[PDB]
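Listing of upload36.txt; format and content: compact mmCIF, N, CA, C and O atoms.
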# COMPACT_ATOMS: atom_id res chain seq x y z
N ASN A 103 -5.13 -13.41 -7.11
CA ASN A 103 -5.54 -13.67 -5.71
C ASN A 103 -4.33 -13.71 -4.78
O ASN A 103 -3.28 -14.22 -5.16
N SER A 104 -4.49 -13.17 -3.57
CA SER A 104 -3.55 -12.88 -2.45
C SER A 104 -2.16 -12.28 -2.74
O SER A 104 -1.57 -11.68 -1.84
N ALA A 105 -1.64 -12.39 -3.96
CA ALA A 105 -0.41 -11.78 -4.46
C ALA A 105 -0.36 -11.71 -6.00
O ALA A 105 0.24 -10.79 -6.55
N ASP A 106 -1.01 -12.65 -6.70
CA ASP A 106 -0.93 -12.81 -8.16
C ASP A 106 -2.21 -13.37 -8.82
O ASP A 106 -2.75 -14.38 -8.36
N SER A 107 -2.63 -12.81 -9.96
CA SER A 107 -3.19 -13.61 -11.07
C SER A 107 -2.88 -13.02 -12.46
O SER A 107 -2.40 -13.74 -13.33
N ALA A 108 -3.10 -11.71 -12.63
CA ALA A 108 -2.84 -10.94 -13.86
C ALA A 108 -3.09 -9.43 -13.69
O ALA A 108 -2.31 -8.61 -14.17
N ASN A 109 -4.18 -9.06 -13.01
CA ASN A 109 -4.66 -7.68 -12.94
C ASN A 109 -4.83 -7.11 -11.52
O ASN A 109 -4.55 -5.94 -11.29
N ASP A 110 -5.18 -7.96 -10.58
CA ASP A 110 -5.37 -7.73 -9.14
C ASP A 110 -4.07 -7.47 -8.34
O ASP A 110 -3.91 -7.91 -7.20
N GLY A 111 -3.13 -6.77 -8.97
CA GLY A 111 -1.90 -6.29 -8.35
C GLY A 111 -2.17 -5.34 -7.21
O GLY A 111 -2.40 -4.16 -7.49
N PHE A 112 -2.08 -5.80 -5.96
CA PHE A 112 -2.13 -4.92 -4.81
C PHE A 112 -0.74 -4.95 -4.21
O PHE A 112 0.08 -5.84 -4.46
N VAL A 113 -0.54 -4.02 -3.31
CA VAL A 113 0.63 -3.94 -2.48
C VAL A 113 0.18 -3.67 -1.06
O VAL A 113 -0.89 -3.09 -0.89
N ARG A 114 0.97 -4.08 -0.07
CA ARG A 114 0.79 -3.73 1.34
C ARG A 114 2.01 -3.01 1.90
O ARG A 114 3.15 -3.41 1.69
N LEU A 115 1.71 -1.96 2.66
CA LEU A 115 2.57 -1.14 3.48
C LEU A 115 2.36 -1.47 4.96
O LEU A 115 1.23 -1.74 5.35
N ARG A 116 3.40 -1.38 5.78
CA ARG A 116 3.35 -1.63 7.23
C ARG A 116 4.44 -0.83 7.93
O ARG A 116 5.52 -1.33 8.21
N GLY A 117 4.21 0.46 8.10
CA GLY A 117 5.31 1.36 8.46
C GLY A 117 4.97 2.86 8.52
O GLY A 117 5.88 3.68 8.51
N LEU A 118 3.68 3.22 8.44
CA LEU A 118 3.21 4.59 8.21
C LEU A 118 3.24 5.42 9.52
O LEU A 118 3.15 4.87 10.62
N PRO A 119 3.34 6.75 9.39
CA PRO A 119 3.39 7.73 10.47
C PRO A 119 2.00 8.11 10.99
O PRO A 119 0.96 7.70 10.46
N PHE A 120 1.98 8.94 12.03
CA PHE A 120 0.74 9.43 12.62
C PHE A 120 -0.06 10.32 11.65
O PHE A 120 0.50 11.18 10.96
N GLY A 121 -1.38 10.10 11.58
CA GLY A 121 -2.27 10.75 10.61
C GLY A 121 -2.09 10.32 9.15
O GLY A 121 -2.58 11.04 8.27
N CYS A 122 -1.39 9.21 8.85
CA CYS A 122 -1.17 8.78 7.46
C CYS A 122 -2.49 8.54 6.69
O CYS A 122 -3.49 8.10 7.27
N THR A 123 -2.49 8.80 5.37
CA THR A 123 -3.69 8.65 4.54
C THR A 123 -3.35 8.30 3.09
O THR A 123 -2.19 8.35 2.66
N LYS A 124 -4.39 7.99 2.32
CA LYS A 124 -4.35 7.77 0.88
C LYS A 124 -3.43 8.71 0.16
O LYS A 124 -2.57 8.21 -0.52
N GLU A 125 -3.54 10.03 0.30
CA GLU A 125 -2.74 10.97 -0.50
C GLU A 125 -1.22 10.84 -0.27
O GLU A 125 -0.42 11.23 -1.12
N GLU A 126 -0.77 10.24 0.84
CA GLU A 126 0.63 9.93 1.02
C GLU A 126 1.01 8.65 0.27
O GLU A 126 2.12 8.53 -0.24
N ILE A 127 0.06 7.73 0.10
CA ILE A 127 0.19 6.56 -0.80
C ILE A 127 0.07 6.99 -2.27
O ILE A 127 0.89 6.58 -3.10
N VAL A 128 -0.88 7.87 -2.59
CA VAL A 128 -1.03 8.55 -3.87
C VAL A 128 0.22 9.35 -4.28
O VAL A 128 0.39 9.57 -5.48
N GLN A 129 1.13 9.74 -3.36
CA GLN A 129 2.42 10.33 -3.75
C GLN A 129 3.55 9.30 -3.79
O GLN A 129 4.48 9.43 -4.59
N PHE A 130 3.41 8.23 -3.01
CA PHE A 130 4.32 7.08 -2.97
C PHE A 130 4.39 6.43 -4.35
O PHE A 130 5.46 6.30 -4.94
N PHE A 131 3.21 6.13 -4.90
CA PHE A 131 3.05 5.55 -6.23
C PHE A 131 2.38 6.50 -7.22
O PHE A 131 1.78 6.06 -8.20
N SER A 132 2.60 7.81 -7.05
CA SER A 132 2.47 8.78 -8.16
C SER A 132 3.30 8.40 -9.40
O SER A 132 2.98 8.80 -10.52
N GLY A 133 4.33 7.58 -9.19
CA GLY A 133 5.12 6.91 -10.21
C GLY A 133 4.32 6.10 -11.24
O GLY A 133 4.75 5.97 -12.39
N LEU A 134 3.18 5.53 -10.83
CA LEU A 134 2.54 4.37 -11.47
C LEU A 134 1.01 4.52 -11.58
O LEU A 134 0.40 5.39 -10.95
N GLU A 135 0.37 3.67 -12.39
CA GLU A 135 -1.05 3.68 -12.65
C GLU A 135 -1.81 2.74 -11.69
O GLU A 135 -1.42 1.60 -11.45
N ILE A 136 -2.92 3.25 -11.16
CA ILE A 136 -3.75 2.70 -10.07
C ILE A 136 -5.22 2.88 -10.48
O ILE A 136 -5.57 3.91 -11.07
N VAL A 137 -6.09 1.90 -10.21
CA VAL A 137 -7.55 2.07 -10.45
C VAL A 137 -8.14 3.21 -9.60
O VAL A 137 -7.55 3.56 -8.58
N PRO A 138 -9.27 3.85 -9.97
CA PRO A 138 -9.67 5.16 -9.42
C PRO A 138 -9.79 5.38 -7.90
O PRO A 138 -9.75 6.53 -7.47
N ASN A 139 -9.91 4.33 -7.09
CA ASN A 139 -9.74 4.38 -5.63
C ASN A 139 -8.96 3.16 -5.13
O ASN A 139 -9.22 2.63 -4.05
N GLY A 140 -8.00 2.71 -5.94
CA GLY A 140 -7.17 1.51 -5.74
C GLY A 140 -6.17 1.63 -4.59
O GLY A 140 -5.02 1.30 -4.78
N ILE A 141 -6.56 2.13 -3.42
CA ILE A 141 -5.70 2.33 -2.24
C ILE A 141 -6.60 2.01 -1.01
O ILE A 141 -7.75 2.46 -0.99
N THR A 142 -6.14 1.28 0.01
CA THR A 142 -6.96 0.85 1.18
C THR A 142 -6.25 1.10 2.52
O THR A 142 -5.09 0.73 2.69
N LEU A 143 -6.96 1.71 3.49
CA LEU A 143 -6.45 2.22 4.78
C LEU A 143 -7.25 1.62 5.95
O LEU A 143 -8.22 2.24 6.42
N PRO A 144 -6.90 0.40 6.43
CA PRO A 144 -7.66 -0.23 7.49
C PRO A 144 -7.31 0.31 8.89
O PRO A 144 -8.16 0.92 9.54
N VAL A 145 -6.07 0.09 9.36
CA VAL A 145 -5.49 0.52 10.66
C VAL A 145 -3.98 0.28 10.66
O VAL A 145 -3.44 -0.34 9.76
N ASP A 146 -3.27 0.79 11.67
CA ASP A 146 -1.91 0.42 12.01
C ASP A 146 -1.75 -1.00 12.57
O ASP A 146 -2.74 -1.68 12.88
N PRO A 147 -0.50 -1.44 12.78
CA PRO A 147 -0.15 -2.70 13.45
C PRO A 147 -0.68 -2.92 14.89
O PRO A 147 -0.43 -3.99 15.44
N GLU A 148 -1.39 -1.97 15.53
CA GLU A 148 -1.94 -2.13 16.89
C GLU A 148 -3.46 -1.89 16.94
O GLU A 148 -4.16 -2.56 17.71
N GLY A 149 -3.99 -1.01 16.09
CA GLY A 149 -5.42 -0.93 15.78
C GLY A 149 -6.12 0.36 16.23
O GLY A 149 -7.27 0.28 16.69
N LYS A 150 -5.46 1.52 16.14
CA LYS A 150 -6.01 2.82 16.58
C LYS A 150 -5.77 3.96 15.57
O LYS A 150 -6.24 5.08 15.80
N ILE A 151 -5.06 3.70 14.47
CA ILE A 151 -4.72 4.69 13.43
C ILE A 151 -4.74 4.11 12.01
O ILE A 151 -5.80 3.70 11.56
N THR A 152 -3.61 4.13 11.30
CA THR A 152 -3.38 3.88 9.87
C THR A 152 -1.86 3.86 9.65
O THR A 152 -1.26 4.81 9.17
N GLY A 153 -1.22 2.79 10.11
CA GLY A 153 0.19 2.46 9.92
C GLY A 153 0.45 1.14 9.19
O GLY A 153 1.60 0.77 8.99
N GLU A 154 -0.61 0.51 8.70
CA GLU A 154 -0.55 -0.31 7.50
C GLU A 154 -1.69 0.04 6.55
O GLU A 154 -2.70 0.65 6.94
N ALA A 155 -1.47 -0.26 5.28
CA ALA A 155 -2.29 0.13 4.15
C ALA A 155 -1.91 -0.67 2.92
O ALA A 155 -0.98 -1.47 2.95
N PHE A 156 -2.67 -0.46 1.86
CA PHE A 156 -2.60 -1.29 0.68
C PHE A 156 -2.93 -0.48 -0.59
O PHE A 156 -3.48 0.61 -0.50
N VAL A 157 -2.61 -1.00 -1.79
CA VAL A 157 -2.83 -0.29 -3.07
C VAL A 157 -2.87 -1.20 -4.30
O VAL A 157 -1.88 -1.85 -4.59
N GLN A 158 -4.01 -1.19 -5.01
CA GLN A 158 -4.32 -1.88 -6.26
C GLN A 158 -3.98 -1.01 -7.47
O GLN A 158 -4.53 0.08 -7.65
N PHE A 159 -3.15 -1.54 -8.35
CA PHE A 159 -2.69 -0.83 -9.53
C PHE A 159 -3.66 -1.08 -10.71
O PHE A 159 -4.75 -1.60 -10.50
N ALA A 160 -3.29 -0.77 -11.95
CA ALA A 160 -4.02 -1.31 -13.11
C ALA A 160 -3.62 -2.75 -13.47
O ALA A 160 -4.27 -3.38 -14.31
N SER A 161 -2.54 -3.29 -12.88
CA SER A 161 -2.01 -4.62 -13.20
C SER A 161 -1.15 -5.22 -12.08
O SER A 161 -0.59 -4.49 -11.27
N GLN A 162 -0.95 -6.55 -12.09
CA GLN A 162 0.01 -7.25 -11.21
C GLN A 162 1.46 -6.76 -11.35
O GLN A 162 2.24 -6.84 -10.40
N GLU A 163 1.82 -6.27 -12.54
CA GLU A 163 3.18 -5.86 -12.90
C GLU A 163 3.54 -4.48 -12.36
O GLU A 163 4.56 -4.27 -11.70
N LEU A 164 2.63 -3.53 -12.58
CA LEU A 164 2.66 -2.19 -11.99
C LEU A 164 2.76 -2.26 -10.47
O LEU A 164 3.51 -1.51 -9.84
N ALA A 165 2.08 -3.24 -9.89
CA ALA A 165 2.11 -3.46 -8.45
C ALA A 165 3.44 -4.06 -7.96
O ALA A 165 3.70 -4.01 -6.77
N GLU A 166 4.37 -4.49 -8.82
CA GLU A 166 5.70 -4.99 -8.42
C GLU A 166 6.84 -4.08 -8.87
O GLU A 166 7.91 -4.07 -8.25
N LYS A 167 6.55 -3.16 -9.80
CA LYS A 167 7.32 -1.94 -9.98
C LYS A 167 7.28 -1.11 -8.69
O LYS A 167 8.28 -0.55 -8.26
N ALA A 168 6.12 -1.13 -8.03
CA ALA A 168 5.86 -0.56 -6.71
C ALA A 168 6.56 -1.24 -5.52
O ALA A 168 7.20 -0.53 -4.73
N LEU A 169 6.56 -2.57 -5.39
CA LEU A 169 7.52 -3.27 -4.50
C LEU A 169 8.97 -2.80 -4.70
O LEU A 169 9.74 -2.69 -3.74
N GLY A 170 9.32 -2.48 -5.94
CA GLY A 170 10.61 -1.93 -6.35
C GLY A 170 11.01 -0.59 -5.69
O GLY A 170 12.19 -0.25 -5.71
N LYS A 171 10.08 0.14 -5.05
CA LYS A 171 10.36 1.33 -4.21
C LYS A 171 11.17 1.03 -2.95
O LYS A 171 11.88 1.91 -2.46
N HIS A 172 11.08 -0.20 -2.45
CA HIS A 172 11.77 -0.78 -1.28
C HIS A 172 11.52 -0.12 0.10
O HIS A 172 11.24 -0.83 1.07
N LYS A 173 11.61 1.22 0.22
CA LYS A 173 11.55 1.97 1.48
C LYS A 173 10.84 3.33 1.33
O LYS A 173 9.76 3.51 1.88
N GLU A 174 11.45 4.24 0.57
CA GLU A 174 11.10 5.68 0.51
C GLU A 174 10.66 6.26 1.88
O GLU A 174 11.26 5.93 2.91
N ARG A 175 9.67 7.16 1.91
CA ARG A 175 9.10 7.78 3.11
C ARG A 175 7.62 8.15 2.86
O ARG A 175 7.22 8.42 1.73
N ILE A 176 6.86 8.24 3.94
CA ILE A 176 5.54 8.89 4.08
C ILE A 176 5.64 9.73 5.36
O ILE A 176 6.13 9.23 6.36
N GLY A 177 5.15 10.98 5.35
CA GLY A 177 5.15 11.93 6.47
C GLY A 177 6.49 12.08 7.18
O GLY A 177 7.31 12.92 6.80
N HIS A 178 6.77 11.22 8.16
CA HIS A 178 8.05 11.11 8.88
C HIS A 178 8.56 9.66 9.06
O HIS A 178 9.55 9.44 9.77
N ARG A 179 7.88 8.65 8.50
CA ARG A 179 8.18 7.22 8.64
C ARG A 179 8.27 6.46 7.31
O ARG A 179 8.24 7.03 6.23
N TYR A 180 8.52 5.16 7.44
CA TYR A 180 9.67 4.53 6.76
C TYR A 180 9.38 3.07 6.34
O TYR A 180 10.28 2.33 5.96
N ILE A 181 8.10 2.72 6.37
CA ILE A 181 7.38 1.97 5.33
C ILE A 181 8.11 0.77 4.71
O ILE A 181 9.01 0.86 3.87
N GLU A 182 7.62 -0.38 5.11
CA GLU A 182 7.78 -1.67 4.47
C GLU A 182 7.01 -1.80 3.14
O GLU A 182 6.05 -1.06 2.92
N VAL A 183 7.32 -2.81 2.33
CA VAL A 183 6.50 -3.21 1.17
C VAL A 183 6.41 -4.74 1.02
O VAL A 183 7.40 -5.45 1.19
N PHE A 184 5.22 -5.24 0.66
CA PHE A 184 4.92 -6.63 0.34
C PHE A 184 3.89 -6.72 -0.78
O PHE A 184 3.03 -5.84 -0.92
N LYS A 185 3.90 -7.81 -1.55
CA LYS A 185 2.89 -8.10 -2.57
C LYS A 185 1.57 -8.54 -1.96
O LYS A 185 1.53 -9.04 -0.84
N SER A 186 0.49 -8.32 -2.70
CA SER A 186 -0.87 -8.39 -2.14
C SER A 186 -1.94 -8.62 -3.22
O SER A 186 -1.69 -8.41 -4.41
N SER A 187 -3.16 -8.94 -2.77
CA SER A 187 -4.44 -8.81 -3.51
C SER A 187 -5.59 -8.54 -2.52
O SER A 187 -5.43 -8.83 -1.34
N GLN A 188 -6.73 -8.03 -2.99
CA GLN A 188 -8.02 -7.67 -2.33
C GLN A 188 -8.52 -8.46 -1.09
O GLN A 188 -9.44 -8.03 -0.40
N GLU A 189 -7.92 -9.58 -0.75
CA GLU A 189 -8.35 -10.50 0.30
C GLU A 189 -7.20 -10.88 1.24
O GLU A 189 -7.41 -11.47 2.31
N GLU A 190 -5.98 -10.45 0.90
CA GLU A 190 -4.93 -10.14 1.85
C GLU A 190 -5.21 -8.73 2.41
O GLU A 190 -4.76 -8.39 3.50
N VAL A 191 -5.96 -7.90 1.66
CA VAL A 191 -6.02 -6.46 1.90
C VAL A 191 -7.12 -6.01 2.84
O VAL A 191 -6.96 -5.05 3.59
N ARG A 192 -8.27 -6.67 2.76
CA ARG A 192 -9.53 -6.19 3.34
C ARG A 192 -9.69 -6.49 4.84
O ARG A 192 -10.68 -7.05 5.29
N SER A 193 -8.68 -6.09 5.61
CA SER A 193 -8.73 -6.07 7.09
C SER A 193 -9.87 -5.20 7.65
O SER A 193 -10.23 -5.32 8.83
N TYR A 194 -10.47 -4.36 6.80
CA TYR A 194 -11.73 -3.64 6.96
C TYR A 194 -12.56 -3.83 5.66
O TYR A 194 -13.73 -4.28 5.74
Could you write out this structure as C-alpha cells?
Amino acid sequence: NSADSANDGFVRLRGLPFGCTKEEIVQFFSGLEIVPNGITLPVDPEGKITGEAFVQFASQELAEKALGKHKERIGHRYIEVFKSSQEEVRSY
C-alpha cells in the first residue's frame, strides 16, 4: 500500500512530454516485468494532458529497480521517479 507491501510495486513519473503515453513507459521499463496493463496515465501536473503517470510491476522489488533509472527520457522530456502503489496512483 502507497509505496510498499510485497507485490503492489508501483512507480510514479512526473515529467512527461506532449502526447506522452503507455508505450513510452513500456519502453522506459522494457528493462523489467510488469502485470499485463500495469501502467496508469491520469494527467499532467496542470490537468490537460499526460505529464505524470504510474506503473505496477510483478513485485515491489522490480518497482525499485525501476526507481533505479533515476532520469532517462520519454519523447523529448526528462521525467522524475518516486515509489508508489494503486491508491497513490488512481488520480483517475
List the neighbours of residue A:119 out to 8 Å using all atoms listed in the file; skip same-chain residues closer than 6 positions along the sequence, and give me the result as a PDB file with N, CA, C and O atoms, in the coordinates of the input.
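What ended up in out35.pdb:
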ATOM      1  N   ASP A 146      -3.270   0.790  11.670  1.00  0.00           N
ATOM      2  CA  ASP A 146      -1.910   0.420  12.010  1.00  0.00           C
ATOM      3  C   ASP A 146      -1.750  -1.000  12.570  1.00  0.00           C
ATOM      4  O   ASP A 146      -2.740  -1.680  12.880  1.00  0.00           O
ATOM      5  N   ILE A 151      -5.060   3.700  14.470  1.00  0.00           N
ATOM      6  CA  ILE A 151      -4.720   4.690  13.430  1.00  0.00           C
ATOM      7  C   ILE A 151      -4.740   4.110  12.010  1.00  0.00           C
ATOM      8  O   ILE A 151      -5.800   3.700  11.560  1.00  0.00           O
ATOM      9  N   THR A 152      -3.610   4.130  11.300  1.00  0.00           N
ATOM     10  CA  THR A 152      -3.380   3.880   9.870  1.00  0.00           C
ATOM     11  C   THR A 152      -1.860   3.860   9.650  1.00  0.00           C
ATOM     12  O   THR A 152      -1.260   4.810   9.170  1.00  0.00           O
ATOM     13  N   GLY A 153      -1.220   2.790  10.110  1.00  0.00           N
ATOM     14  CA  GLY A 153       0.190   2.460   9.920  1.00  0.00           C
ATOM     15  C   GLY A 153       0.450   1.140   9.190  1.00  0.00           C
ATOM     16  O   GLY A 153       1.600   0.770   8.990  1.00  0.00           O
ATOM     17  N   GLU A 154      -0.610   0.510   8.700  1.00  0.00           N
ATOM     18  CA  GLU A 154      -0.550  -0.310   7.500  1.00  0.00           C
ATOM     19  C   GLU A 154      -1.690   0.040   6.550  1.00  0.00           C
ATOM     20  O   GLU A 154      -2.700   0.650   6.940  1.00  0.00           O
ATOM     21  N   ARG A 175       9.670   7.160   1.910  1.00  0.00           N
ATOM     22  CA  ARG A 175       9.100   7.780   3.110  1.00  0.00           C
ATOM     23  C   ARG A 175       7.620   8.150   2.860  1.00  0.00           C
ATOM     24  O   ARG A 175       7.220   8.420   1.730  1.00  0.00           O
ATOM     25  N   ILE A 176       6.860   8.240   3.940  1.00  0.00           N
ATOM     26  CA  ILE A 176       5.540   8.890   4.080  1.00  0.00           C
ATOM     27  C   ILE A 176       5.640   9.730   5.360  1.00  0.00           C
ATOM     28  O   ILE A 176       6.130   9.230   6.360  1.00  0.00           O
ATOM     29  N   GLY A 177       5.150  10.980   5.350  1.00  0.00           N
ATOM     30  CA  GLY A 177       5.150  11.930   6.470  1.00  0.00           C
ATOM     31  C   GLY A 177       6.490  12.080   7.180  1.00  0.00           C
ATOM     32  O   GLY A 177       7.310  12.920   6.800  1.00  0.00           O
ATOM     33  N   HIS A 178       6.770  11.220   8.160  1.00  0.00           N
ATOM     34  CA  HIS A 178       8.050  11.110   8.880  1.00  0.00           C
ATOM     35  C   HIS A 178       8.560   9.660   9.060  1.00  0.00           C
ATOM     36  O   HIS A 178       9.550   9.440   9.770  1.00  0.00           O
ATOM     37  N   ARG A 179       7.880   8.650   8.500  1.00  0.00           N
ATOM     38  CA  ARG A 179       8.180   7.220   8.640  1.00  0.00           C
ATOM     39  C   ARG A 179       8.270   6.460   7.310  1.00  0.00           C
ATOM     40  O   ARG A 179       8.240   7.030   6.230  1.00  0.00           O
ATOM     41  N   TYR A 180       8.520   5.160   7.440  1.00  0.00           N
ATOM     42  CA  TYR A 180       9.670   4.530   6.760  1.00  0.00           C
ATOM     43  C   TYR A 180       9.380   3.070   6.340  1.00  0.00           C
ATOM     44  O   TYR A 180      10.280   2.330   5.960  1.00  0.00           O
ATOM     45  N   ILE A 181       8.100   2.720   6.370  1.00  0.00           N
ATOM     46  CA  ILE A 181       7.380   1.970   5.330  1.00  0.00           C
ATOM     47  C   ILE A 181       8.110   0.770   4.710  1.00  0.00           C
ATOM     48  O   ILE A 181       9.010   0.860   3.870  1.00  0.00           O
TER      49      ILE A 181
END
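Using only N, CA, C and O atoms, the nearest neighbour of residue A:124 within the list A:174, A:156, A:184, A:191 is A:156.
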Q | Non-local contacts of residue A:138 (8 Å; only N, CA, C and O atoms; under 5 positions in same chain excluded) as a VMD selection string | A | chain A and resid 158 to 160
Q) Quick one, how far is atom O of residue A:148 from atom O of residue A:130? A) 26.2 Å
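Atom pair atom O of residue A:142 / atom CA of residue A:123: separated by 8.3 Å.
The shell of residues at most 7 Å from stretch 161-164 of chain A, with only N, CA, C and O atoms counted and near chain neighbours (fewer than 2 positions) removed, consists of residues 105, 106, 107, 108, 109, 110, 111, 112, 134, 135, 136, 137, 158, 159, 166, 167, 168 and 169 of chain A.
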Q: Based on DSSP run over this structure's backbone, return all residues of stretch 110-167 of chain A in strand (DSSP E or B), as a PyMOL selection string.
A: chain A and resi 112-116+136-142+154-159
Q. Mind checking DSSP for chain A and telling me the alpha helix (DSSP H) residues as a PyMOL selection string?
A. chain A and resi 124-130+164-169+188-191
Q: Calculate how many Å separate atom O of residue A:172 from atom N of residue A:113, rounding to one decimal.
A: 13.0 Å
Q) In terms of the shortest atom-to-atom distance over only C-alpha atoms, which of A:190, A:145, A:185, A:157 is closest to residue A:117? A) A:145
Around all the atoms of stretch 112-131 of chain A listed in the file, draw an axis-aligned box and extend it by 5 Å on each of the six sides; I want its centre and edge lengths in Å to one decimal, as JSON.
{"center_x": 0.7, "center_y": 2.7, "center_z": 2.2, "size_x": 20.3, "size_y": 27.1, "size_z": 30.8}
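Distances here use all atoms listed in the file; by that measure, the residue among A:139, A:144, A:129, A:149 closest to residue A:192 is A:144.
With only N, CA, C and O atoms as the basis for measurement, A:143 is the residue among A:118, A:143, A:128, A:165 that approaches residue A:194 most closely.
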